[PDB]
Amino acid sequence: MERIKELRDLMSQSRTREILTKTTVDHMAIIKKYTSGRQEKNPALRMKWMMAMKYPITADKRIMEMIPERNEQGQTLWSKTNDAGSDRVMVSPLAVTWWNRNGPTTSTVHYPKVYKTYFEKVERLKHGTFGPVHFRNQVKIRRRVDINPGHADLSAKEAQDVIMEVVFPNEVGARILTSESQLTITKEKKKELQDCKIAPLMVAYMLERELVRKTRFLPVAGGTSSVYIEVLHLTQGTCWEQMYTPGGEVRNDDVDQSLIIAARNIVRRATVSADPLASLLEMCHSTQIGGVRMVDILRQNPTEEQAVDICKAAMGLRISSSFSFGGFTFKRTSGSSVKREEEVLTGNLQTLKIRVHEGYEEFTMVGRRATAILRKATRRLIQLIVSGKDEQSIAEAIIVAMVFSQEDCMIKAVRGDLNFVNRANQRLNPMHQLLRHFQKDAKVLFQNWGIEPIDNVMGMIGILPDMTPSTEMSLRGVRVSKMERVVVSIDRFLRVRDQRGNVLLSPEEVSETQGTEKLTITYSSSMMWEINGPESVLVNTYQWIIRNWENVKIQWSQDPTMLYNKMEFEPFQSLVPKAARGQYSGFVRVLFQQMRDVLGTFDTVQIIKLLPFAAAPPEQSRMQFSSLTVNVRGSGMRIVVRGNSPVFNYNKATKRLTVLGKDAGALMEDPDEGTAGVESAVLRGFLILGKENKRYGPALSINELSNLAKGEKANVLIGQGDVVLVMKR
Amino acid sequence: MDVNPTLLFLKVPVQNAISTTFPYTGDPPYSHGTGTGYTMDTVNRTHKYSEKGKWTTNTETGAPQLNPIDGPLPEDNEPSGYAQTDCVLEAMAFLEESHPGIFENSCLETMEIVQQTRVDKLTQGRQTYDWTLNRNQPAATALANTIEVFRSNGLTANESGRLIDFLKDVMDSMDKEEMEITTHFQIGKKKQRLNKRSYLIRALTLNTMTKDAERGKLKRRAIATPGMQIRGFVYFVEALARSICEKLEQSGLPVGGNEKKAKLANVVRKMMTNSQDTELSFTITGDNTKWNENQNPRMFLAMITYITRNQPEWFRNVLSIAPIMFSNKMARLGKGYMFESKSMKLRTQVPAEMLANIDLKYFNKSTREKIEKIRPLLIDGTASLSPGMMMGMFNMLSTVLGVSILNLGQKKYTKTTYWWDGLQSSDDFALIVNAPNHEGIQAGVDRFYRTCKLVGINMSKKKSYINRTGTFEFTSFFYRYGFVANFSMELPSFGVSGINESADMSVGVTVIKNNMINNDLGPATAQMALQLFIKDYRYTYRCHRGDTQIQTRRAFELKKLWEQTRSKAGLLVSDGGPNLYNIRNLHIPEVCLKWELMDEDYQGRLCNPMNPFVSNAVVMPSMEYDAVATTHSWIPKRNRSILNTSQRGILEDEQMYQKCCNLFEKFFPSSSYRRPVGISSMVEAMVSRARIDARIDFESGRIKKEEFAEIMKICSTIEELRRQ
Amino acid sequence: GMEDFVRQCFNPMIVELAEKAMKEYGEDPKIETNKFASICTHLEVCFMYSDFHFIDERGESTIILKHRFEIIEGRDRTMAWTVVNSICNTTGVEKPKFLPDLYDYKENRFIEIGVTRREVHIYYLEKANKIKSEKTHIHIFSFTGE
RNA sequence: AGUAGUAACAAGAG
RNA sequence: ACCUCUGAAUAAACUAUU
RNA sequence: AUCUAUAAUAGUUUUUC
Ligand SMILES: *O[C@H]1[C@@H](O)[C@H](n2cnc3c(N)ncnc32)O[C@@H]1COP(=O)(O)OP(=O)(O)OP(=O)(O)OC[C@H]1O[C@@H](n2c[n+](C)c3c(=O)[nH]c(N)nc32)[C@H](O)[C@@H]1O
Ligand SMILES: [Mg+2]
Ligand SMILES: [Mg+2]
């Protein structure tokens with residue numbers, strides 16, 4: 001009634017009637033932003049200039065009745081001058097600080113409810129626990145982290161639609177909530193906010209603070225969850241780490257993810273030790289995940305993962321030999337596999353490397369709405385027997401099975417602009433990208449998969465590409481049907497065998513992906529970086545060599561065997577490719593032996609660079625190496641044997657060794673350093689004498705030096721665009 | 001001992017002390033008078049870079065236009081705009097061949113954007129050159145004036161609310177024989193009726209001015225403000241260029257901050273890994289000389305034509321309009337000049353519109369030469385500028401062109417033992433060259449330089465250098481085996497921002513936290529920064545501690561509030577309370593940080609929704625850096641300079657606009673939360689909403705039949721008033 | 001020449017509503033004249049369907065108070081969806097997946113009106129397959145009296 | 001005079 | 001001369017916050 | 001595992017003779 005009377009009043013005036021008639025709803029936004037021009041260019045200067053004025057602050061005209069014109073000292077609090085383009089009056093800051101001491105008082109009891117997020121921050125800081133401060137060689141990595149967690153199974157647009165449904169039911173337009181998560185959250189918030197006495201706009205902003213996810217790229221070390229990101233300034237520094245645990249309640253999915261990350265790191269590190277089982281146990285007892293001991297989490301966490309199950313089995317716990325893939329819990333009833341990287345060409349003409357599992361295997365798929373039995377061979381689906389609930393559940397199960405099968409048809413079914421790198425050029429998991437692509441639109445995948453006639457066995461139905469229950473022909477190898485932890489023993493080499501004696505898990509089955517933890521992973525031992533990421537592992541390994549250079553040098557001179565067997569090099573050896581560990585070790589050991597027998601050719605930097613590669617059991621081959629590869633976030637990063645490298649660059653001007661762009665420390669020149677330009681640790685069986693010498697014909701390559709014999713000097717294009725004279729001993 | 005700070009670099013690498021080389025504690029240089037000299041210099045230089053091109057007279061505006069496309073191949077290393085169209089088309093073709101489907105998918109996304117974008121997208125921005133007033137206006141004000149003029153001239157396709165319909169209206173306005181406007185003077189309204197050529201000259205005109213507060217430049221430079229007619233087309237072209245750039249690994253746009261640094265580092269490391277160990281690698285820290293004064297709108301039209309192959313005709317047309325309008329663009333000369341008589345002790349303003357036929361005795365030698373060079377180009381008070389992209393426009397399309405030139409450096413294209421790749425962001429670039437020896441490096445650099453010359457890109461020799469790969473500079477980011485911190489760049493952000501007390505406190509603490517996270521701001525320096533910010537905040541807002549005797553006008557009130565308070569820690573710093581911030585709680589709003597330390601009555605007064613300084617409820621007025629609104633979230637006064645001009649009716653008009661908008665919000669509660677959409681008028685929408693709501697209330701029994709009948713009677717009265 | 005006939009025959013209110021409806025989606029009544037005539041006829045049919053009907057105090061249909069039908073055609077998508085959402089919330093009726101033409105209070109259902117130049121059955125089947133709802137009532141007319 | 005630097009301020013408008 | 005008014009908003013991308 | 005909400009404000013970056 002008041003609204004319609006005010007509208008009738010505005011329609012009676014000539015100008016307001018013109019505005020109301022000639023302005024459409026679309027142009028209402030334009031006229032709402034319409035202004036004469038707020039000449040604001042330097043707000044800091046403008047504020048400093050205005051705070052010297054008598055009345056720099058505007059206020060509503062009610063202040064002339066709510067606040068007196070003058071205070072006790074007679075100072076004026078407001079003036080009758082109106083602000084430009086409005087009926088607001090000009091007031092002094094004295095008016096605001098007078099209100100804060102003499103104004104009417106209301107009940108501020110609903111403020112903690114309306115601003116629950118900020119008071120939640122206050123509570124998390126209040127009940128948080130601070131640990132010691134450790135000064136370390138920090139290696140921060142720019143990654144996408146969430147600063148506002150929002151709701152788990154929601155996006156920004158879905159959260160906005162849910163908010164509109166909850167707060168403005170009659171303004172939702174054509175949107176209908178389809179996701180079951182949206183319906184559940186909508187019902188929950190409608191019941192919780194029933195008979196609420198807050199303004200609807202304020203309620204909408206509360207729900208935005210509560211439900212809308214926000215992620216950003218930040219240079220982050222430690223946990224990437226919101227509770228750790230909000231205190232990232234406090235907990236992480238350039239040279240220090242502050243141990244801290246937020247005081248609130250920790251989400252369990254973050255615990256699961258961090259446990260998976262820690263277990264994978266621990267298992268991969270333990271695989272290279274002499275006794276993997278003891279190393280795994282002592283690492284699991286020394287690991288904390290968000291202020292909680294890892295062993296307790298393992299005892300009370302039902303997470304289906306290979307490394308987590310290996311960690312459980314090492315401690316006598318019962319495991320479920322299962323894993324997750326695309327929202328389903330797989331379990332290998334029978335079969336075996338060996339991973340193998342195979343490059344494939346996508347349907348949209350993209351080249352990528354996919355970890356292909358060889359061998360024949362059988363699986364069972366379990367999901368919240370569907371169940372299936374899967375048999376497969378190398379990149380070939382033998383059969384799939386789905387027994388889902390509705391059409392969409394069976395469709396999702398079929399899509400997941402097709403992606404899992406790694407069928408070349410599935411690869412060639414890719415269309416559109418499907419990206420396999422991050423927006424920051426970070427490599428993504430190809431299988432996850434294929435899943436997300438085919439879960440948006442799978443018509444082309446089903447079309448190109450094929451068809452196959454069914455023989456009507458047991459009455460199991462067929463399925464057509466458009467999701468219909470045919471009885472004559474079905475998708476190739478797909479059939480439709482209708483609707484436990486075990487005690488294990490773990491070997492010395494982390495081989496998990498069932499009570500009967502069959503192998504269930506192995507270290508080779510552990511994923512090679514190097515992820516990051518949602519909750520900060522604290523490791524307490526001599527090497528706090530022993531289960532850290534590859535960048536931290538490399539930097540800290542070379543810094544450990546630098547700091548201990550005196551006794552390491554003495555041991556290298558006297559007893560190299562014990563030096564190569566230091567436990568500190570094992571995290572490094574977990575980065576060297578498994579097939580090349582022995583070759584690199586043997587090559588580097590031969591280089592070191594030649595370096596010892598040729599006095600004066602003592603290059604400190606060469607020894608420091610090549611030492612971590614000698615920690616593996618040596619395999620003797622005649623292959624020459626110009627560079628050694630190290631896996632860093634999936635890409636083999638080479639360390640060039642001669643000269644600097646992206647991983648390892650030594651600066652002679654500063655005497656400062658920089659690894660992956662992180663300072664590792666300054667070396668000190670040895671008296672036995674060779675100030676003569678003679679190198680003996682570059683070629684396996686050839687000693688560098690000097691620069692180019694045209695007397696010995698044209699320059700050749702390192703990979704063609706076998707034909708040379710004893711004393712045959714030659715010129716080799718070893719290194720980055722350099723030719724030097726080498727001789728054979 | 002003479003103190004030499006520069007000798008610090010003898011031990012600290014320059015990248016690790018790069019903050020010392022940015023003197024960003026003093027005031028930046030400013031421009032004092034006119035920008036006409038710089039604008040004329042830019043026009044003359046742009047035409048000089050293309051002087052060997054073909055001259056034509058535009059049949060629609062009469063402006064002389066210089067066409068450097070397919071001009072003679074240069075024989076020297078001077079800058080030139082003689083880009084070859086076939087070379088640009090071939091670069092586009094090879095870019096499409098190395099990334100199959102990039103243009104098709106980008107066109108699909110851009111078609112969706114074009115079909116869905118609303119007209120109020122044009123209000124996003126500060127100023128738009130209003131052709132109806134021959135000066136800059138706020139973007140919303142310029143759009144409103146343009147829409148009103150179009151409606152008065154029977155151009156009402158924009159009533160759909162879509163941006164493309166507004167562009168159709170612009171195109172239709174181009175064909176009107178006469179466009180009518182309205183002018184004010186000392187305050188009556190006068191109608192002015194432009195002719196076809198006059199309106200066409202106004203619509204193709206970009207305003208010009210000087211750039212104030214620019215760091216690192218000895219001399220001032222000109223900048224441009226696009227008009228209302230071209231903004232939508234530029235938005236659509238930039239949307240297409242953005243779609244293309246998102247799919248390119250070498251692009252430096254549109255990624256910024258830590259994401260940009262991570263992408264650049266990953267791309268550089270991928271280039272290093274792909275490089276063979278037995279080959280040299282060099283990186284070029286490269287700049288381009290006068291990129292925007294040498295690139296031609298005709299080449300951008302060619303690029304858009306190649307990109308939109310096999311697309312619907314309407315999409316190609318709507319994308320092509322922007323380069324076409326940009327190749328016929330005119331430039332406002334600016335304010336003009338001021339003339340000083342020493343003997344008679346007088347000064348006077350000379351408008352730029354008189355420079356066409358003004359006596360040249362007044363001007364000095366350099367300005368006289370500028371005017372003599374530019375007079376043939378002057379038409380209708382503006383200068384004909386066919387070549388060049390004016391200033392800060394089509395940056396992502398420039399990025400696309402640069403990335404295509406970078407992409408030309410694969411071994412499949414060089415067909416030799418050298419190859420190149422690198423990074424591209426608008427005009428800035430970094431280039432990595434690999435070759436078996438130094439001769440190959442030289443050959444690859446030469447080939448890159450000559451290819452850029454072919455497509456009209458001139459590599460600044462005096463601002464570029466080359467060294468072994470591992471250190472470079474790109475878009476002011478300094479890479480030394482990884483991007484280093486640069487604190488001096490964010491140093492001006494520290495201080496009182498000037499919104500209000502609450503917002504400024506939040507900004508100070510948030511800036512300290514962000515610089516701790518990103519720019520390697522240490523904890524001790526963070527505490528000292530907090531102390532300095534608190535000191536500046538207390539001095540700026542006259543809110544020193546209550547228990548001090550700093551004599552300010554506000555000190556007595558703060559003393560009174562301090563005396564009556566029981567728990568002093570609960571008072572905000574704005575109220576004279578103490579500073580409770582430290583490193584651990586930088587992320588917490590002040591009102592929430594000390595909420596439980598406040599007196600009940602003080603807290604009730606501070607967070608009182610019925611206070612006049614901010615427009616069970618809570619204080620609400622656009623609450624940037626203000627989590628909880630208090631009485632300290634006031635709004636300062638607006639500038640009152642408009643009251644002395646003839647545009648002072650805009651104040652009354654915006655007051656009535658705000659009144660109508662608030663009345664509308666009384667009918668559609670979600671309008672403030674999410675922008676409403678609709679072709680119906682405001683009164684019609686409100687009446688329909690009132691009728692449906694009254695019917696529903698009657699049906700559910702919330703109101704009785706008498707009130708329903710009264711609402712229906714008032715609605716009928718409003719409908720009757722609507723027609724008359 | 002269809003536009004001239006459309007403006008000459010149909011009354012100005014329906015012509016304005018059809019012009020607004022076409023302009024809302026970028027269509028030009030001068031260019032698309034067959035669509036102009038179709039929309040004018042559709043609006044005229046809907047308004048003849050709605051007018052001269054009321055509801056008594058009891059709540060049964062009467063012919064000459066509140067109108068029996070709520071008109072959803074002739075409004076922009078925002079107001080039409082506002083009406084549909086508000087009616088569904090206040091009555092519990094299922095929300096349609098597409099904008100209907102009328103709401104019948106007596107039958108408490110949405111009505112989808114259709115005027116066809118072809119035979120009734122093919123258009124009826126097309127609309128039935130399009131909406132994929134068994135609750136939205138469908139009523140199809142024709143220019144031949146079917 | 002001074003600020004300042006490729007053009008201005010050293011009050012402007014009514 | 002008194003008197004009266006006034007102390008001055010480029011583009012694009014990004015980042016931060018709401 | 002993925003991850004450019006929308007909008008507003010401020011800040012930052014983007015030079016011829
Ligand atoms: O966030 C990461 C991880 O922590 C999270 N995750 C893992 N497990 C869980 C559980 N149990 N609950 C909640 N979240 C979980 O998912 C993310 C995994 O990321 P990433 O490590 O990059 O992927 P991963 O390396 O695990 O590979 P993925 O594609 O997800 O496959 C998982 C699992 O499936 C095995 N596998 C695939 N294929 C095709 C196989 C096959 O043909 N034969 C056999 N025997 N195994 C196959 C993968 O090797 C992994 O073992
Ligand atoms: Mg540069
Ligand atoms: Mg309809």
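Throughout, protein chains are lettered first and strands after them, A, B, ... in sequence-line order, and every chain is numbered starting at 1. When reading the values below, keep in mind they use all heavy atoms of this one structure, side chains included, and skip hydrogens, waters and symmetry mates.
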With respect to the phosphate group of [N], does any side-chain polar atom (N or O) of [X] fall under 4.0 Å of OP1 or OP2?
X: B/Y38; N: D/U6; result: yes
X: B/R242; N: E/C14; result: yes
X: B/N207; N: E/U10; result: no
X: A/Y118; N: E/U18; result: yes

Please classify the nucleic acid contact of [X] as base, sugar-phosphate, or nothing, using heavy-atom distances under 4.0 Å.
X: B/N514; value: sugar-phosphate
X: B/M391; value: nothing
X: B/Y24; value: sugar-phosphate
X: A/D153; value: nothing
X: A/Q160; value: base
X: B/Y49; value: sugar-phosphate
X: B/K260; value: nothing
X: B/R126; value: sugar-phosphate
X: B/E238; value: nothing
X: A/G37; value: base
X: A/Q257; value: sugar-phosphate
X: B/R640; value: sugar-phosphate
X: B/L253; value: sugar-phosphate
X: B/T289; value: sugar-phosphate

Involving RNA chain E, stems made of at least three consecutive Watson-Crick or G-U pairs, both distances under 3.5 Å: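 As far as RNA chain E goes, consecutive pairing (with distances under 3.5 Å) yields the stems E:11-18 with F:7-14.
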
Distance flag, aromatic centroids of B/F429 and B/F474, threshold under 6.0 Å: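 No - the distance between ring centres of B/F474 and B/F429 does not fall below the 6.0 Å cut-off.
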
Ring centroids only, cut at 6.0 angstrom: are B/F483 and B/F478 within range, meaning strictly under it?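 No - the distance between ring centres of B/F483 and B/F478 does not fall below the 6.0 Å cut-off.
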
Does F/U9 have its sugar in the north or the south range once you look at the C1'-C2'-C3'-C4' torsion?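 On the sign test, where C1'-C2'-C3'-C4' is positive, F/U9 is classed north.
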
Nucleotide D/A7 sugar, north or south by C1'-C2'-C3'-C4':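 The sugar ring of D/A7 falls in the south range (negative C1'-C2'-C3'-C4' torsion).
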
Nearest-nucleotide pick for [X], side chain only, options being [options]:
X: B/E259; options: E/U15, E/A16, D/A10; value: E/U15
X: B/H32; options: D/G5, E/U17, E/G7; value: D/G5
X: B/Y337; options: E/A9, D/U6, D/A7; value: D/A7
X: B/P254; options: E/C14, E/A16, E/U10; value: E/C14
X: A/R216; options: E/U10, E/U6, E/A16; value: E/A16
X: B/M338; options: E/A11, E/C14, D/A8; value: D/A8
X: B/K211; options: E/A11, D/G12, E/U17; value: E/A11

Using a 4.0 Å cut-off to any heavy atom of chain A, which nucleotides of RNA chain F are the first and last in contact, reading 5' to 3'?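 Contact boundaries, 5' end first: F/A1 to F/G11.
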
Strictly below 4.0 Å, N to O, side chains only: are B/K48 and B/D41 in salt-bridge contact?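 No, B/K48 and B/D41 are not salt-bridged.
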
Taking B/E340 first and then B/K345, would you say they form a salt bridge - that is, a charged N and a carboxylate O separated by under 4.0 Å?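 Between B/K345 and B/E340 there is no salt bridge, as every charged N stays at least 4.0 Å from the carboxylate O atoms.
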
Only one of A/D256, A/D254, A/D146, A/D253 forms a salt bridge (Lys or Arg N to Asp or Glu O under 4.0 Å) with A/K518, so which one is it?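 Option passing the salt bridge (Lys or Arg N to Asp or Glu O under 4.0 Å) with A/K518: A/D146.
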
Watson-Crick or G-U wobble, both distances under 3.5 angstrom: are D/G2 and D/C9 paired?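 A pair, by the stated definition.
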
Do B/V43 and B/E293 come close enough that some side-chain heavy atom pair is under 4.5 Å?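 Result no, sub-4.5 Å side-chain heavy-atom pair not found.
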
CG on B/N514 to CG on A/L232, rounded to 0.5 Å: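 Atom-to-atom, A/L232:CG and B/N514:CG are 10.5 Å apart.
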
